[PDB]
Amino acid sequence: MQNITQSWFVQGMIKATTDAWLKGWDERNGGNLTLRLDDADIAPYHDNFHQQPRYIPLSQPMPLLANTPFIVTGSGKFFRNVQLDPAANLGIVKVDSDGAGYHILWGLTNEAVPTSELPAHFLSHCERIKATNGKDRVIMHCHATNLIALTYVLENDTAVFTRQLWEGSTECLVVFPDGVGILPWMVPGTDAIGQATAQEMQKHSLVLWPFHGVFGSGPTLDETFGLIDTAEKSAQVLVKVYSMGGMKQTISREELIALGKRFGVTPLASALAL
């Protein structure tokens, strides 16, 4: 088969990271992205793999991910550079049979390793697999500018934040009816923040890290990017509105309820009750 660089998943990783770079969401090495693949996706490209894949342990056992391949962004790597050198900035890893570690089948050249937020990513994948019966396959983190700004001015509360974001663009309730979870500020790159994020992922597809950024989950790269882009678009609208003195009118509870009924989604109750 064609070279792996031309595969749908490598090309998709390039598109998502490049698009996020262009959005201004990924300065420096900010942000990280992981996509769960199937063996059938990568098997045809066996000739492109490293002859002797490097092994690295996980920070904690993840048996649910045993034998599972992922394509991931690297630690310290810049989203802006992914398009310039995919193999340097991305890696395909396959988790071993006990979920204790993984082999780097392709990429992450020059002793690069996967993103330092691997705990947040892999733990969230585990919870999203459970919550969606295996449908979700992507965890994306970026420094979405307006969402970040809003964490300094809105109450850092799931119901309040969710409700404002729903109000900021009509489509929002349909795209994220489960709302947006928000953690307290925590030191990034740790097992603790990864575990805290994964817990929020049990109930929400979006999780905010105050004064830092956002994590999103979805079935495909486009749907996950689109989820974040939707929330960030609403946030952009809100920042403008708040800068102009606040809402004089907005989407009402009754309107949100009608919207949910039409699209067959049940809105997060706490956000709806406000």
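Counting begins at 1, following the sequence as shown.
When the two stretches 258 to 266 and 21 to 29 are set side by side, the higher mean Cα temperature factor goes to 258 to 266. Per-stretch averaging of Cα B factors for 174 to 182 and 92 to 100 places 92 to 100 on top.
In the PDB entry, the Cα temperature factor peaks, among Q60, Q236, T34, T230, at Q60. When the C-alpha B factors of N67, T224, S243, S205 are read from the deposited coordinates, the top value falls at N67. Sorting the modelled residues of the chain by their CA temperature factor places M201 in the middle third. Ranked against the other modelled residues of its chain, the C-alpha B-factor of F161 as given in the entry falls in the middle third.
Among the modelled residues of the chain, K248 sits in the middle third by CA temperature factor in this PDB entry. Among all modelled residues in its chain, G216 ranks in the lowest third by Cα B-factor. Annotation for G134: CA B-factor lies in the highest third of the chain's modelled residues.
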